[PDB]
Amino acid sequence: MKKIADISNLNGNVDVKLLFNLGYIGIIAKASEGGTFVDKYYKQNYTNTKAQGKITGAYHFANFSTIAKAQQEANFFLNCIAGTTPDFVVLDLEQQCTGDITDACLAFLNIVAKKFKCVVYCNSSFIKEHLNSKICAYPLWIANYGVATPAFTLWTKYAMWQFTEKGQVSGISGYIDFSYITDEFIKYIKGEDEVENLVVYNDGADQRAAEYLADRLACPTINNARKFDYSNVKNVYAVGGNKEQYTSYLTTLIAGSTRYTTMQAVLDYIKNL
Amino acid sequence: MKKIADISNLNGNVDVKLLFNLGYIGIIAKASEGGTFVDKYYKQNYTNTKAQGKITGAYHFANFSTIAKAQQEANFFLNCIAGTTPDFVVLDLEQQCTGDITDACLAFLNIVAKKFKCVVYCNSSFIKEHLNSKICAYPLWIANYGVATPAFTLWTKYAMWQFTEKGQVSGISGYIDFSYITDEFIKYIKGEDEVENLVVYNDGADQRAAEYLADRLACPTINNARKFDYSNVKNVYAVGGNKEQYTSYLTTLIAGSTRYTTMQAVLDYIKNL
Amino acid sequence: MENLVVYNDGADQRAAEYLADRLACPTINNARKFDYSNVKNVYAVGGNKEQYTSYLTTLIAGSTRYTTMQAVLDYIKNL
Amino acid sequence: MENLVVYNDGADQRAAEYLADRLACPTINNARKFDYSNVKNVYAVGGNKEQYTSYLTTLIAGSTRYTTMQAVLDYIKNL
């Protein structure tokens, strides 16, 4: 799994190339805290990361319990990152609060998500004490230190997992946090859509044969009558019929002269896989 | 194709065994004409035919144009055949009338059909001049003399075809009419239900395999979850699964350990047919 | 057989299967050459009456695949 | 992929296919081990949310196969 670092004003002036030398694919930088705290290193952290072609993130350190306050913080975070275009942004939740703050969190996110892909960062216990599954509309950046594998509730999958808050590199002040970042999340923030396998069929008997192939490939099927954009599919399989019936993106055709030999061809293709 | 004879008072006292010797499987006898004409040989014609174990029919020679009149004739025909239980009965349509008498015919039939399986008898030209496709709710006994194969409109199939009105047997007065009678009609008037082939499957992949078998057998499929009476099906095929899942009437099971070998077994069975 | 449901290849088969579940009966593909003479009720789903056996008892059909399905659910409801 | 419809084996597949026709998209059998992370809208048809990928966007389902189908036609109508 790839890794990403996060930094803030506590780290001072950072040569981000030290981190890129260590293999980190980007930098998530603190932009703001609460309603008025401006991170005075954010701009240069974003700038030097984006300039070098690496992944950028911006995080806001929340201090809200109420909807109103969440909205003020959301507008303030956007004001702090204006003039920068991070790949994604992060609502960092660790504030002292009571009870379930999920609606306030959604109020923040509703504002920010119109401009940036948002992620929610928190630890396992914060989730249990203060959130409900409505939060799961956004991906999770789980902070879980000391564990071999992260454990959390509400979400079933993480986008990033912050595994230490005690990273250290000579020439960078303070501690740096490090995170694993999934290939699914990297695709998401890059706009990368590619579906691996799709099986196409026409109405009738060939649909039977197509489903067997799709079971083997563990993929979807699609009726050829459906107007669909196949430009992003890597392997487009068709079952039955002629090439001329199908998308210009077609790359495998399994077809016989009867419904029965088409089925036999599909079973033969499945065996040879 | 089997044959059946029809007779009336014009034939006098008939030794029906003369006709059974010639191969005729039954006798359709005239019971009545119009609103008041009683065929005085009907009772003995029905009696001697039924006594000998042969097929019986009773026909009424219509003389109606109106609904009211049709109802009077219907009640009169039932009164004439009371004390007899013919296998089926016949509305014989040859009367002089104008226009479309279909509704009057249905009025007759509505009454008689509550007691007996009814058939409509007429020639090609009567159909064109006086009927509409509503009549096709009842089977057709087509009178078409001199032709190698009958031709008619509205209906697509006949139950019986009267091919001559000039039959003659020494010892029977007058002419006798002869008809072909189809195996489908004979089944119908005997209450014989038997379906030849049915393929059963359970929800999922095995349904795909079942449809291929049913295409080959040219028959229906049925989902095994459906509570159904299989007692009348001659060959009950099942695809996938274990014998214990299916009706006690099951006689062929094609099944493998996976969805794919079940499909291969079905294709192998289809080839070996 | 008391009931049978006929469909043509394609979307109407979906609707025919819901009707057959409710009638607890078989379905048959219209392309199959079959003797319908000993079926009491022959239902067809989708399309037009001329595409089907002369033995057809009831045709349930709308002008799109969607209204055909609606008509089959409405038939089921009123049964 | 913008839209995908998931079904479990059986009657719900019928309903899922009408929805996929209207969305002009693929369907996938829930038994298939698949990566849903790059699908914008993941519709499920029939059953309960816990049977499906955590990536589920919308579940359309009633308490019988028939009301599941009705709910899918109603979703289609209001679209």
# chains A, B, ... in the order shown; residues from 1 in each chain; ligands from 1
call {"tool": "select_by_dssp", "arguments": {"residues": "region 11-66 of chain C", "states": "strand (DSSP E)", "output": "NGL selection string"}}
result
:C and (27-29 or 41-45 or 58-60)
call {"tool": "interface_residues", "arguments": {"of": "chain D", "to": "chain B", "cutoff": "9 Å", "atoms": "only C-alpha atoms", "output": "PyMOL selection string"}}
result
chain D and resi 8-11
call {"tool": "interface_residues", "arguments": {"of": "chain D", "to": "chain C", "cutoff": "12 Å", "atoms": "only C-alpha atoms", "output": "list in words"}}
result
residues 10, 11, 12, 13, 14, 15, 16, 17, 18, 19, 20, 21, 22, 64, 65, 66, 67, 68, 69, 70, 71, 72, 73, 74, 75, 76 and 77 of chain D
call {"tool": "write_last_selection", "arguments": {"atoms": "N, CA and C atoms", "output": "PDB file, in the first residue's frame"}}
result
ATOM      1  N   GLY D  10     -32.960 -14.795  -8.465  1.00  0.00           N
ATOM      2  CA  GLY D  10     -34.376 -15.032  -8.295  1.00  0.00           C
ATOM      3  C   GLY D  10     -35.215 -13.905  -8.891  1.00  0.00           C
ATOM      4  N   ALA D  11     -36.394 -13.712  -8.329  1.00  0.00           N
ATOM      5  CA  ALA D  11     -37.389 -12.790  -8.923  1.00  0.00           C
ATOM      6  C   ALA D  11     -36.881 -11.372  -9.010  1.00  0.00           C
ATOM      7  N   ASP D  12     -36.106 -10.916  -8.029  1.00  0.00           N
ATOM      8  CA  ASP D  12     -35.603  -9.522  -8.060  1.00  0.00           C
ATOM      9  C   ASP D  12     -34.712  -9.148  -9.292  1.00  0.00           C
ATOM     10  N   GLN D  13     -34.048 -10.106  -9.870  1.00  0.00           N
ATOM     11  CA  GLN D  13     -33.280  -9.909 -11.096  1.00  0.00           C
ATOM     12  C   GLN D  13     -34.211  -9.279 -12.185  1.00  0.00           C
ATOM     13  N   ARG D  14     -35.474  -9.685 -12.198  1.00  0.00           N
ATOM     14  CA  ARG D  14     -36.463  -9.198 -13.209  1.00  0.00           C
ATOM     15  C   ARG D  14     -36.620  -7.716 -13.048  1.00  0.00           C
ATOM     16  N   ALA D  15     -36.850  -7.298 -11.801  1.00  0.00           N
ATOM     17  CA  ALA D  15     -36.996  -5.916 -11.475  1.00  0.00           C
ATOM     18  C   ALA D  15     -35.720  -5.140 -11.732  1.00  0.00           C
ATOM     19  N   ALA D  16     -34.572  -5.745 -11.428  1.00  0.00           N
ATOM     20  CA  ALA D  16     -33.279  -5.041 -11.559  1.00  0.00           C
ATOM     21  C   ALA D  16     -33.088  -4.733 -13.065  1.00  0.00           C
ATOM     22  N   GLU D  17     -33.420  -5.683 -13.938  1.00  0.00           N
ATOM     23  CA  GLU D  17     -33.293  -5.471 -15.371  1.00  0.00           C
ATOM     24  C   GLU D  17     -34.181  -4.337 -15.930  1.00  0.00           C
ATOM     25  N   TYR D  18     -35.430  -4.147 -15.479  1.00  0.00           N
ATOM     26  CA  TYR D  18     -36.204  -2.990 -15.837  1.00  0.00           C
ATOM     27  C   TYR D  18     -35.539  -1.691 -15.374  1.00  0.00           C
ATOM     28  N   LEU D  19     -35.039  -1.671 -14.136  1.00  0.00           N
ATOM     29  CA  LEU D  19     -34.329  -0.463 -13.699  1.00  0.00           C
ATOM     30  C   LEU D  19     -33.074  -0.162 -14.570  1.00  0.00           C
ATOM     31  N   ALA D  20     -32.294  -1.181 -14.873  1.00  0.00           N
ATOM     32  CA  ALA D  20     -31.099  -1.025 -15.723  1.00  0.00           C
ATOM     33  C   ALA D  20     -31.458  -0.588 -17.174  1.00  0.00           C
ATOM     34  N   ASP D  21     -32.620  -1.029 -17.648  1.00  0.00           N
ATOM     35  CA  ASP D  21     -33.035  -0.543 -18.950  1.00  0.00           C
ATOM     36  C   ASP D  21     -33.274   0.970 -18.857  1.00  0.00           C
ATOM     37  N   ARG D  22     -33.960   1.402 -17.821  1.00  0.00           N
ATOM     38  CA  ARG D  22     -34.299   2.797 -17.731  1.00  0.00           C
ATOM     39  C   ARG D  22     -33.041   3.661 -17.478  1.00  0.00           C
ATOM     40  N   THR D  64     -42.731  -8.006  -0.767  1.00  0.00           N
ATOM     41  CA  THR D  64     -42.846  -9.203  -1.644  1.00  0.00           C
ATOM     42  C   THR D  64     -42.224  -8.903  -3.021  1.00  0.00           C
ATOM     43  N   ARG D  65     -42.058  -9.938  -3.833  1.00  0.00           N
ATOM     44  CA  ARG D  65     -41.410  -9.754  -5.137  1.00  0.00           C
ATOM     45  C   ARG D  65     -42.213  -8.755  -5.947  1.00  0.00           C
ATOM     46  N   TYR D  66     -43.533  -8.755  -5.737  1.00  0.00           N
ATOM     47  CA  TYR D  66     -44.458  -7.929  -6.441  1.00  0.00           C
ATOM     48  C   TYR D  66     -44.369  -6.474  -6.040  1.00  0.00           C
ATOM     49  N   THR D  67     -44.227  -6.204  -4.740  1.00  0.00           N
ATOM     50  CA  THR D  67     -44.138  -4.804  -4.315  1.00  0.00           C
ATOM     51  C   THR D  67     -42.715  -4.277  -4.635  1.00  0.00           C
ATOM     52  N   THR D  68     -41.692  -5.121  -4.664  1.00  0.00           N
ATOM     53  CA  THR D  68     -40.366  -4.709  -5.110  1.00  0.00           C
ATOM     54  C   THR D  68     -40.477  -4.238  -6.548  1.00  0.00           C
ATOM     55  N   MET D  69     -41.204  -4.994  -7.362  1.00  0.00           N
ATOM     56  CA  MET D  69     -41.351  -4.588  -8.771  1.00  0.00           C
ATOM     57  C   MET D  69     -42.104  -3.296  -8.867  1.00  0.00           C
ATOM     58  N   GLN D  70     -43.174  -3.124  -8.081  1.00  0.00           N
ATOM     59  CA  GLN D  70     -43.943  -1.884  -8.107  1.00  0.00           C
ATOM     60  C   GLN D  70     -43.081  -0.691  -7.726  1.00  0.00           C
ATOM     61  N   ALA D  71     -42.309  -0.841  -6.683  1.00  0.00           N
ATOM     62  CA  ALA D  71     -41.421   0.235  -6.250  1.00  0.00           C
ATOM     63  C   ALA D  71     -40.399   0.596  -7.351  1.00  0.00           C
ATOM     64  N   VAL D  72     -39.872  -0.399  -8.066  1.00  0.00           N
ATOM     65  CA  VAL D  72     -38.994  -0.105  -9.181  1.00  0.00           C
ATOM     66  C   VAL D  72     -39.762   0.615 -10.312  1.00  0.00           C
ATOM     67  N   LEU D  73     -40.985   0.208 -10.658  1.00  0.00           N
ATOM     68  CA  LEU D  73     -41.685   0.971 -11.668  1.00  0.00           C
ATOM     69  C   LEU D  73     -42.016   2.386 -11.210  1.00  0.00           C
ATOM     70  N   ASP D  74     -42.351   2.567  -9.943  1.00  0.00           N
ATOM     71  CA  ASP D  74     -42.627   3.907  -9.413  1.00  0.00           C
ATOM     72  C   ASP D  74     -41.345   4.783  -9.452  1.00  0.00           C
ATOM     73  N   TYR D  75     -40.185   4.189  -9.163  1.00  0.00           N
ATOM     74  CA  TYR D  75     -38.908   4.939  -9.204  1.00  0.00           C
ATOM     75  C   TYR D  75     -38.689   5.402 -10.655  1.00  0.00           C
ATOM     76  N   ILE D  76     -38.858   4.465 -11.600  1.00  0.00           N
ATOM     77  CA  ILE D  76     -38.734   4.737 -13.026  1.00  0.00           C
ATOM     78  C   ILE D  76     -39.698   5.892 -13.411  1.00  0.00           C
ATOM     79  N   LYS D  77     -40.977   5.793 -13.081  1.00  0.00           N
ATOM     80  CA  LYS D  77     -41.950   6.852 -13.390  1.00  0.00           C
ATOM     81  C   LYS D  77     -41.481   8.236 -12.893  1.00  0.00           C
TER      82      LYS D  77
END
call {"tool": "closest_residue", "arguments": {"among": "B:112, B:106, B:266, B:273", "to": "chain A", "atoms": "only C-alpha atoms"}}
result
B:266
call {"tool": "calpha_fit_and_write", "arguments": {"fixed": "chain D", "moving": "chain C", "output": "compact mmCIF listing (two decimals) with N, CA, C and O atoms, in the first residue's frame"}}
result
# COMPACT_ATOMS: atom_id res chain seq x y z
N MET C 1 -17.94 4.26 -13.42
CA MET C 1 -19.22 3.93 -14.05
C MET C 1 -20.27 4.73 -13.32
O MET C 1 -20.28 4.77 -12.09
N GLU C 2 -21.22 5.31 -14.06
CA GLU C 2 -22.19 6.18 -13.45
C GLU C 2 -23.25 5.41 -12.64
O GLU C 2 -23.69 5.89 -11.59
N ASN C 3 -23.71 4.27 -13.18
CA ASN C 3 -24.82 3.53 -12.52
C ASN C 3 -24.60 2.05 -12.65
O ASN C 3 -24.14 1.56 -13.71
N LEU C 4 -25.00 1.32 -11.60
CA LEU C 4 -25.01 -0.13 -11.61
C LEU C 4 -26.16 -0.63 -10.72
O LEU C 4 -26.45 -0.04 -9.67
N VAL C 5 -26.81 -1.72 -11.16
CA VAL C 5 -27.89 -2.34 -10.43
C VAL C 5 -27.51 -3.75 -10.01
O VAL C 5 -27.22 -4.62 -10.81
N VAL C 6 -27.60 -3.98 -8.71
CA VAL C 6 -27.32 -5.26 -8.04
C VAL C 6 -28.64 -5.94 -7.64
O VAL C 6 -29.60 -5.31 -7.16
N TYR C 7 -28.67 -7.23 -7.86
CA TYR C 7 -29.79 -8.11 -7.53
C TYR C 7 -29.24 -9.40 -6.91
O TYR C 7 -28.11 -9.80 -7.19
N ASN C 8 -30.06 -10.05 -6.08
CA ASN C 8 -29.83 -11.45 -5.72
C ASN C 8 -30.57 -12.40 -6.68
O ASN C 8 -31.60 -12.02 -7.25
N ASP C 9 -30.03 -13.59 -6.88
CA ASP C 9 -30.69 -14.64 -7.67
C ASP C 9 -32.18 -14.64 -7.43
O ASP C 9 -32.63 -14.62 -6.27
N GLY C 10 -32.96 -14.80 -8.46
CA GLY C 10 -34.38 -15.03 -8.29
C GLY C 10 -35.22 -13.91 -8.89
O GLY C 10 -34.78 -13.21 -9.88
N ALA C 11 -36.39 -13.71 -8.33
CA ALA C 11 -37.39 -12.79 -8.92
C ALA C 11 -36.88 -11.37 -9.01
O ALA C 11 -37.24 -10.67 -9.91
N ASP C 12 -36.11 -10.92 -8.03
CA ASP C 12 -35.60 -9.52 -8.06
C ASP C 12 -34.71 -9.15 -9.29
O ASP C 12 -34.63 -7.99 -9.62
N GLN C 13 -34.05 -10.11 -9.87
CA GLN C 13 -33.28 -9.91 -11.10
C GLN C 13 -34.21 -9.28 -12.18
O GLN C 13 -33.77 -8.38 -12.93
N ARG C 14 -35.47 -9.69 -12.20
CA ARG C 14 -36.46 -9.20 -13.21
C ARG C 14 -36.62 -7.72 -13.05
O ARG C 14 -36.51 -6.97 -14.03
N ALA C 15 -36.85 -7.30 -11.80
CA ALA C 15 -37.00 -5.92 -11.48
C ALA C 15 -35.72 -5.14 -11.73
O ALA C 15 -35.81 -4.00 -12.24
N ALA C 16 -34.57 -5.75 -11.43
CA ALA C 16 -33.28 -5.04 -11.56
C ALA C 16 -33.09 -4.73 -13.06
O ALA C 16 -32.63 -3.64 -13.40
N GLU C 17 -33.42 -5.68 -13.94
CA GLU C 17 -33.29 -5.47 -15.37
C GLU C 17 -34.18 -4.34 -15.93
O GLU C 17 -33.70 -3.63 -16.79
N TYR C 18 -35.43 -4.15 -15.48
CA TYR C 18 -36.20 -2.99 -15.84
C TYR C 18 -35.54 -1.69 -15.37
O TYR C 18 -35.48 -0.73 -16.12
N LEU C 19 -35.04 -1.67 -14.14
CA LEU C 19 -34.33 -0.46 -13.70
C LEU C 19 -33.07 -0.16 -14.57
O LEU C 19 -32.82 1.00 -14.95
N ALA C 20 -32.29 -1.18 -14.87
CA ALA C 20 -31.10 -1.02 -15.72
C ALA C 20 -31.46 -0.59 -17.17
O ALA C 20 -30.72 0.15 -17.86
N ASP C 21 -32.62 -1.03 -17.65
CA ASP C 21 -33.04 -0.54 -18.95
C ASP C 21 -33.27 0.97 -18.86
O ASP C 21 -32.95 1.73 -19.78
N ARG C 22 -33.96 1.40 -17.82
CA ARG C 22 -34.30 2.80 -17.73
C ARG C 22 -33.04 3.66 -17.48
O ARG C 22 -32.89 4.70 -18.13
N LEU C 23 -32.16 3.22 -16.61
CA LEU C 23 -30.86 3.88 -16.39
C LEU C 23 -29.85 3.66 -17.50
O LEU C 23 -28.80 4.31 -17.49
N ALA C 24 -30.14 2.75 -18.44
CA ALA C 24 -29.23 2.34 -19.48
C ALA C 24 -27.88 1.94 -18.90
O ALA C 24 -26.81 2.44 -19.35
N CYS C 25 -27.89 0.97 -17.98
CA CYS C 25 -26.67 0.63 -17.32
C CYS C 25 -26.51 -0.89 -17.16
O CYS C 25 -27.40 -1.64 -17.52
N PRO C 26 -25.39 -1.34 -16.59
CA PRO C 26 -25.31 -2.79 -16.35
C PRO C 26 -26.05 -3.26 -15.08
O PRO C 26 -26.39 -2.47 -14.21
N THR C 27 -26.18 -4.59 -14.96
CA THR C 27 -26.62 -5.22 -13.68
C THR C 27 -25.52 -6.13 -13.25
O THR C 27 -24.70 -6.57 -14.05
N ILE C 28 -25.50 -6.46 -11.97
CA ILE C 28 -24.58 -7.45 -11.51
C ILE C 28 -25.27 -8.29 -10.42
O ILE C 28 -25.99 -7.75 -9.56
N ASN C 29 -25.02 -9.59 -10.50
CA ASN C 29 -25.42 -10.55 -9.47
C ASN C 29 -24.59 -10.28 -8.19
O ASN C 29 -23.38 -10.30 -8.26
N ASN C 30 -25.28 -9.95 -7.13
CA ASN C 30 -24.73 -9.83 -5.76
C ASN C 30 -23.78 -10.92 -5.29
O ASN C 30 -22.91 -10.62 -4.48
N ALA C 31 -23.88 -12.12 -5.81
CA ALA C 31 -22.93 -13.20 -5.48
C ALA C 31 -21.54 -13.00 -6.08
O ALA C 31 -20.57 -13.63 -5.65
N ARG C 32 -21.39 -12.05 -7.01
CA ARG C 32 -20.16 -11.87 -7.68
C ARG C 32 -19.28 -10.93 -6.86
O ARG C 32 -19.71 -9.87 -6.42
N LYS C 33 -18.04 -11.36 -6.65
CA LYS C 33 -17.10 -10.58 -5.83
C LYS C 33 -16.52 -9.44 -6.70
O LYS C 33 -15.70 -9.66 -7.56
N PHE C 34 -16.94 -8.23 -6.43
CA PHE C 34 -16.72 -7.11 -7.34
C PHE C 34 -16.32 -5.88 -6.55
O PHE C 34 -16.80 -5.63 -5.43
N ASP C 35 -15.51 -5.04 -7.19
CA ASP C 35 -15.09 -3.74 -6.65
C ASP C 35 -16.03 -2.62 -7.06
O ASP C 35 -16.02 -2.15 -8.19
N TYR C 36 -16.84 -2.21 -6.12
CA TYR C 36 -17.82 -1.17 -6.30
C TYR C 36 -17.31 0.29 -6.05
O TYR C 36 -18.09 1.23 -6.19
N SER C 37 -16.03 0.47 -5.69
CA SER C 37 -15.52 1.78 -5.22
C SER C 37 -15.56 2.91 -6.27
O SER C 37 -15.56 4.07 -5.93
N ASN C 38 -15.56 2.54 -7.52
CA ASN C 38 -15.54 3.48 -8.63
C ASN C 38 -16.92 3.53 -9.34
O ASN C 38 -16.99 3.77 -10.57
N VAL C 39 -18.00 3.31 -8.58
CA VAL C 39 -19.33 3.43 -9.15
C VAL C 39 -20.00 4.57 -8.49
O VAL C 39 -20.09 4.63 -7.29
N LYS C 40 -20.53 5.48 -9.27
CA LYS C 40 -21.13 6.68 -8.70
C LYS C 40 -22.44 6.36 -7.96
O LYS C 40 -22.63 6.76 -6.82
N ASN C 41 -23.34 5.64 -8.63
CA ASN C 41 -24.64 5.25 -8.08
C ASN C 41 -24.81 3.72 -8.15
O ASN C 41 -24.87 3.09 -9.22
N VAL C 42 -24.83 3.11 -6.97
CA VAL C 42 -25.05 1.68 -6.81
C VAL C 42 -26.47 1.45 -6.27
O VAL C 42 -26.80 1.80 -5.14
N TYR C 43 -27.33 0.96 -7.15
CA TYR C 43 -28.69 0.65 -6.81
C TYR C 43 -28.73 -0.82 -6.48
O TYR C 43 -28.05 -1.65 -7.11
N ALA C 44 -29.50 -1.14 -5.46
CA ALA C 44 -29.83 -2.53 -5.14
C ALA C 44 -31.32 -2.69 -5.26
O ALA C 44 -32.06 -1.81 -4.81
N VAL C 45 -31.75 -3.87 -5.72
CA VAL C 45 -33.14 -4.17 -5.90
C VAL C 45 -33.54 -5.43 -5.09
O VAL C 45 -33.03 -6.52 -5.34
N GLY C 46 -34.48 -5.24 -4.17
CA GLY C 46 -34.96 -6.32 -3.36
C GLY C 46 -34.15 -6.52 -2.09
O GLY C 46 -32.97 -6.23 -2.07
N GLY C 47 -34.80 -7.05 -1.07
CA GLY C 47 -34.10 -7.56 0.13
C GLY C 47 -33.75 -6.45 1.07
O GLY C 47 -34.49 -5.48 1.19
N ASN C 48 -32.62 -6.58 1.77
CA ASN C 48 -32.27 -5.59 2.80
C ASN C 48 -30.86 -5.09 2.64
O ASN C 48 -30.01 -5.76 2.07
N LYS C 49 -30.63 -3.88 3.13
CA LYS C 49 -29.37 -3.22 2.90
C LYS C 49 -28.16 -3.97 3.32
O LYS C 49 -27.16 -3.91 2.63
N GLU C 50 -28.26 -4.80 4.36
CA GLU C 50 -27.10 -5.54 4.87
C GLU C 50 -26.66 -6.65 3.95
O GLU C 50 -25.58 -7.26 4.14
N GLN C 51 -27.48 -7.01 2.95
CA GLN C 51 -27.04 -8.06 2.05
C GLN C 51 -26.08 -7.53 1.00
O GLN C 51 -25.55 -8.33 0.25
N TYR C 52 -25.93 -6.21 0.92
CA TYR C 52 -25.25 -5.55 -0.20
C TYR C 52 -23.97 -4.86 0.19
O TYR C 52 -23.77 -4.59 1.34
N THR C 53 -23.11 -4.62 -0.79
CA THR C 53 -21.95 -3.77 -0.65
C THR C 53 -22.16 -2.50 0.20
O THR C 53 -23.24 -1.82 0.14
N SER C 54 -21.14 -2.14 1.02
CA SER C 54 -21.21 -0.89 1.78
C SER C 54 -21.30 0.31 0.89
O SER C 54 -21.74 1.37 1.33
N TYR C 55 -20.88 0.15 -0.37
CA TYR C 55 -20.98 1.21 -1.40
C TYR C 55 -22.42 1.50 -1.93
O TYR C 55 -22.59 2.37 -2.81
N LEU C 56 -23.44 0.84 -1.38
CA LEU C 56 -24.82 1.01 -1.81
C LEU C 56 -25.27 2.44 -1.71
O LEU C 56 -25.04 3.06 -0.71
N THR C 57 -25.87 2.99 -2.77
CA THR C 57 -26.39 4.35 -2.82
C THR C 57 -27.90 4.36 -2.54
O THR C 57 -28.43 5.24 -1.85
N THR C 58 -28.64 3.44 -3.19
CA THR C 58 -30.09 3.43 -3.08
C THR C 58 -30.59 1.97 -3.10
O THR C 58 -30.23 1.21 -4.00
N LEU C 59 -31.47 1.61 -2.18
CA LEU C 59 -32.08 0.29 -2.13
C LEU C 59 -33.51 0.48 -2.49
O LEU C 59 -34.19 1.31 -1.90
N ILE C 60 -33.99 -0.28 -3.48
CA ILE C 60 -35.41 -0.23 -3.85
C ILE C 60 -35.96 -1.64 -3.60
O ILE C 60 -35.52 -2.62 -4.24
N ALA C 61 -36.91 -1.70 -2.72
CA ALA C 61 -37.33 -2.99 -2.14
C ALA C 61 -38.69 -2.88 -1.46
O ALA C 61 -39.01 -1.87 -0.85
N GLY C 62 -39.52 -3.91 -1.65
CA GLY C 62 -40.76 -4.04 -0.92
C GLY C 62 -40.76 -5.37 -0.17
O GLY C 62 -39.84 -6.19 -0.27
N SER C 63 -41.89 -5.66 0.46
CA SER C 63 -41.96 -6.87 1.29
C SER C 63 -42.31 -8.12 0.51
O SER C 63 -42.16 -9.23 1.06
N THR C 64 -42.73 -8.01 -0.77
CA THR C 64 -42.85 -9.20 -1.64
C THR C 64 -42.22 -8.90 -3.02
O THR C 64 -41.89 -7.76 -3.31
N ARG C 65 -42.06 -9.94 -3.83
CA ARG C 65 -41.41 -9.75 -5.14
C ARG C 65 -42.21 -8.76 -5.95
O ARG C 65 -41.62 -8.02 -6.78
N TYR C 66 -43.53 -8.75 -5.74
CA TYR C 66 -44.46 -7.93 -6.44
C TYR C 66 -44.37 -6.47 -6.04
O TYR C 66 -44.40 -5.57 -6.91
N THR C 67 -44.23 -6.20 -4.74
CA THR C 67 -44.14 -4.80 -4.31
C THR C 67 -42.72 -4.28 -4.63
O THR C 67 -42.57 -3.10 -4.83
N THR C 68 -41.69 -5.12 -4.66
CA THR C 68 -40.37 -4.71 -5.11
C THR C 68 -40.48 -4.24 -6.55
O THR C 68 -40.00 -3.18 -6.90
N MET C 69 -41.20 -4.99 -7.36
CA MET C 69 -41.35 -4.59 -8.77
C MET C 69 -42.10 -3.30 -8.87
O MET C 69 -41.74 -2.44 -9.70
N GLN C 70 -43.17 -3.12 -8.08
CA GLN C 70 -43.94 -1.88 -8.11
C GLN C 70 -43.08 -0.69 -7.73
O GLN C 70 -43.18 0.37 -8.31
N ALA C 71 -42.31 -0.84 -6.68
CA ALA C 71 -41.42 0.23 -6.25
C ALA C 71 -40.40 0.60 -7.35
O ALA C 71 -40.03 1.74 -7.50
N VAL C 72 -39.87 -0.40 -8.07
CA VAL C 72 -38.99 -0.10 -9.18
C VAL C 72 -39.76 0.62 -10.31
O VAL C 72 -39.27 1.62 -10.83
N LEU C 73 -40.99 0.21 -10.66
CA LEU C 73 -41.68 0.97 -11.67
C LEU C 73 -42.02 2.39 -11.21
O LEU C 73 -41.96 3.32 -12.01
N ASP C 74 -42.35 2.57 -9.94
CA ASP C 74 -42.63 3.91 -9.41
C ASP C 74 -41.35 4.78 -9.45
O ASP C 74 -41.41 5.99 -9.74
N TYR C 75 -40.19 4.19 -9.16
CA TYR C 75 -38.91 4.94 -9.20
C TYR C 75 -38.69 5.40 -10.66
O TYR C 75 -38.37 6.56 -10.91
N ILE C 76 -38.86 4.46 -11.60
CA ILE C 76 -38.73 4.74 -13.03
C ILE C 76 -39.70 5.89 -13.41
O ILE C 76 -39.26 6.90 -13.98
N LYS C 77 -40.98 5.79 -13.08
CA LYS C 77 -41.95 6.85 -13.39
C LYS C 77 -41.48 8.24 -12.89
O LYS C 77 -41.56 9.19 -13.62
N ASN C 78 -41.03 8.34 -11.65
CA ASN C 78 -40.71 9.63 -11.04
C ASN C 78 -39.35 10.13 -11.46
O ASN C 78 -38.92 11.15 -10.96
N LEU C 79 -38.68 9.43 -12.36
CA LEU C 79 -37.34 9.80 -12.81
C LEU C 79 -37.40 10.73 -14.04
O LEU C 79 -36.69 11.74 -14.11
call {"tool": "residues_around", "arguments": {"residues": "residue 233 (chain A)", "least_positions_apart": "2", "cutoff": "6 Å", "atoms": "only C-alpha atoms", "output": "list in words"}}
result
residues 194, 195, 196, 230, 231 and 235 of chain A
call {"tool": "closest_atom_pairs", "arguments": {"of": "chain A", "to": "chain B", "cutoff": "12 Å", "atoms": "only C-alpha atoms", "output": "CSV"}}
result
residue,atom,partner,partner_atom,distance
A:204,CA,B:211,CA,10.2
A:205,CA,B:212,CA,7.6
A:206,CA,B:208,CA,9.6
A:207,CA,B:208,CA,8.4
A:208,CA,B:208,CA,4.9
A:209,CA,B:208,CA,7.5
A:210,CA,B:208,CA,9.7
A:211,CA,B:205,CA,8.0
A:212,CA,B:260,CA,7.4
A:213,CA,B:260,CA,9.7
A:214,CA,B:205,CA,11.2
A:215,CA,B:205,CA,9.2
A:216,CA,B:260,CA,9.4
A:258,CA,B:212,CA,11.1
A:259,CA,B:212,CA,8.1
A:260,CA,B:267,CA,7.0
A:261,CA,B:267,CA,8.9
A:262,CA,B:267,CA,10.8
A:263,CA,B:267,CA,8.2
A:264,CA,B:267,CA,7.4
A:265,CA,B:264,CA,10.8
A:266,CA,B:260,CA,9.9
A:267,CA,B:260,CA,7.0
A:268,CA,B:264,CA,9.8
A:269,CA,B:260,CA,11.5
A:270,CA,B:260,CA,8.8
A:271,CA,B:260,CA,9.3
